[PDB]
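Report on the structure given below.
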Amino acid sequence: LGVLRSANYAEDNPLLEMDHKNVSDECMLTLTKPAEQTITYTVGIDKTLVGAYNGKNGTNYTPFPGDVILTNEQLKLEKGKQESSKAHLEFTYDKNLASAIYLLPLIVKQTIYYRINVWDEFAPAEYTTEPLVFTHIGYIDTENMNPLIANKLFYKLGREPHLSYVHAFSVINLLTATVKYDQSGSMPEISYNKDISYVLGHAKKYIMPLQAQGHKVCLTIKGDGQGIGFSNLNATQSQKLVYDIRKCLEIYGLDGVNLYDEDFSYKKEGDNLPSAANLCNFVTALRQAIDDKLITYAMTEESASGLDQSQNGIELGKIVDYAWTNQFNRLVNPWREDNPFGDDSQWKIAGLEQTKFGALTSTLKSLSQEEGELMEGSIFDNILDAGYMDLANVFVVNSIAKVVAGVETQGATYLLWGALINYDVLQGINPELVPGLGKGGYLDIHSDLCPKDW
């Protein structure tokens, strides 16, 4: 008696994601008792087991009809060991394969039941039009990343026969344009680096495809450190930047703008100081100009004080679609007194419903043991124990970045916290980021999922 396991997957019957390329896995035999003598078993394909599997598990899988190349099919079990040598399975992709989930049973002659998801041209098999239950906002740094990677990241929701695939993000923020003085040194203008220019100049290639798959796409605007920005514009300057932002979203088919309140290098003394009232007047003007296009606000330690109070009757929270902070890998709760994780009252925005606040903005950085405990504690205790459920509606990822050495642990989890709370805990639906594991997945440090091509 023994078990035919996968070498890289703990799932008894692993589900591989085949996006128009081959997929592979290795399996081995684990014997309940150590081998008395050196024996060799052989693994083979038996597609006759499919009908019994679909009856037992309620599924509808058709046996995988593509070419399957098994190498090292003879499993060597040395005396005294319980695990054999590893066989290798290469599932060949071909255009003659329709998009579906297939089954390929591998037997000893127990049994392992490989499931192969053959993707369509836009989404995996069993993709659904069912919308994500929460708003997931993803930054893409156009200096290193292709915005189209959003169209490759999915959530595998549920367990068979109730599997569903949904896009992992619903809003995408493009990093970044900046605000600086104009050539005459009197007016603010938007400045675009070489990367964000090519993205916007080719919005038909990089933006409309995202919008076609349900993504709202916004342009982020930071400062360029010349001391002029969203919170210190006079009447004339405000009308200029409002006009230019309104024009920019119309010109490139953008759904909205993300006001990233950082890097303006505001002076601490002089005649153009930052004020929360100026910010409220500028954003109020922006809202009149762009109508229902999205305005979001990213708060930082460089934000002006007073946003917890109305400014000339204006509450910034009433006129913005979403807000969040740069307090990465930590759940910020500005409405919680005696907060055991730290007082976040500085991040309070007057008029902002909790359901519009990204309490958790995660970033791709390795965390210490303490930092890791702070992240999970702040998330769980605030949303479940303290009862701030409304803080589970918006989740933000500041830069979907490449998974590399030293950030594999955060890479695997920092895009799943919103699905973890909303689906796995608040409902019973298991969530998995796809395409994660395996050669070529988002978590393969030697592969780029959807690389920069300009």
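Here's how to read the names in the structure tokens: chain A, B, ... by the order shown, residue numbers from 1 in each chain, ligand numbers from 1 in the order shown.
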- Item | Test item, alpha helix (DSSP H) assignment across segment 209-451 of chain A, answer as an MDAnalysis selection string | chainID A and resid 209:212 235:251 276:290 316:319 369:380 408:413 417:419
- Message: Report as number ranges by chain all protein, DNA and RNA residues lying within 12 Å of segment 67-82 of chain A, evaluated on only C-alpha atoms, omitting residues in the same chain fewer than 3 positions from it.
- Response: A: 1-4, 22-47, 63-64, 85-94, 96-97, 103-109, 114, 116
- Message: Env of residue 186 of chain A: 10 Å cut, atoms = only C-alpha atoms, seq-sep filter 5 positions within chain, self excluded. Answer as a PyMOL selection string.
- Response: chain A and resi 180-181+228+236-237
- Message: With only C-alpha atoms as the counted atoms, please give the residues lying no more than 8 Å from segment 249-259 of chain A, apart from itself and same-chain residues fewer than 6 positions off, as a ChimeraX atom specification.
- Response: /A:173,200-201,203,207-208,216-222,293-298
- Among the residues of segment 114-209 of chain A, find those DSSP assigns to strand (DSSP E) from the backbone and print them as a PyMOL selection string. chain A and resi 114-118+135-141+154-157+164-167+171-181+188-192
- Pick out the residues sitting within 12 Å of residue 289 of chain A, and hand them over as a list in words; count only C-alpha atoms, and ignore anything fewer than 5 positions along from it in its own chain.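 Returned residues: residues 238, 239, 240, 241, 242, 243, 244, 245, 246, 247, 248, 249, 250, 256, 282, 283, 284, 294 and 295 of chain A.
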Since we have the selection now, will you write its residues out, keeping C-alpha atoms, as a short mmCIF file (atom, residue, chain, number, x, y, z; two decimals), in the first residue's frame?
```
data_model
loop_
_atom_site.label_atom_id
_atom_site.label_comp_id
_atom_site.auth_asym_id
_atom_site.auth_seq_id
_atom_site.Cartn_x
_atom_site.Cartn_y
_atom_site.Cartn_z
CA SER A 238 -6.26 75.24 -9.63
CA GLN A 239 -8.27 75.87 -12.80
CA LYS A 240 -5.22 74.98 -14.90
CA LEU A 241 -4.48 71.65 -13.22
CA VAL A 242 -8.19 70.77 -13.09
CA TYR A 243 -8.50 71.51 -16.81
CA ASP A 244 -5.36 69.51 -17.60
CA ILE A 245 -6.45 66.50 -15.53
CA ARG A 246 -9.93 66.64 -17.06
CA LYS A 247 -8.37 66.77 -20.53
CA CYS A 248 -5.97 63.92 -19.72
CA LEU A 249 -8.69 61.46 -18.70
CA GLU A 250 -10.79 62.28 -21.77
CA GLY A 256 -10.44 58.32 -13.10
CA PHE A 282 -9.12 71.69 -5.42
CA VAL A 283 -10.79 68.28 -5.20
CA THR A 284 -14.24 69.91 -5.16
CA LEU A 294 -13.25 58.31 -10.18
CA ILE A 295 -11.32 60.45 -7.71
#
```
- Task: Could you check which of A:277, A:350, A:364, A:374 is closest to residue 332 of chain A, using only C-alpha atoms?
- Result: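 Checking each candidate against residue 332 of chain A, we get A:374 as the closest.
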- Query: For residue 7 of chain A, which of A:19, A:301, A:83, A:370 is the closest residue, counting only C-alpha atoms?
  - Reply: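 Of A:19, A:301, A:83, A:370, the one nearest residue 7 of chain A is A:83, counting only C-alpha atoms.
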- Item | Residues within 9 Å of residue 442 of chain A, only C-alpha atoms, excluding chain neighbours under 6 positions, as number ranges by chain | A: 153, 402-403, 411-412, 433-436, 448-449
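Note that atom CA of residue 418 of chain A and atom CA of residue 401 of chain A are 17.5 Å apart.
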- Message: Taking 6 positions as the minimum chain separation for residues in the same chain, which residues sit within 9 Å of residue 299 of chain A when counting only C-alpha atoms? Answer as an MDAnalysis selection string.
- Response: chainID A and resid 259:262 323:327 347
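As for atom CA of residue 317 of chain A and atom CA of residue 174 of chain A, they are spaced 22.3 Å apart.
Proximity to residue 199 of chain A was assessed for A:384, A:311, A:177, A:373 counting only C-alpha atoms; the smallest distance is recorded for A:177.
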- Of the candidates A:334, A:14, A:406, A:428, which shows the shortest atom-to-atom distance to residue 443 of chain A, using only C-alpha atoms?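 So, comparing all the options, the nearest one is A:406.
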- Query: Expressed in Å to a single decimal, how great is the separation between atom CA of residue 141 of chain A and atom CA of residue 396 of chain A?
  - Reply: 14.1 Å
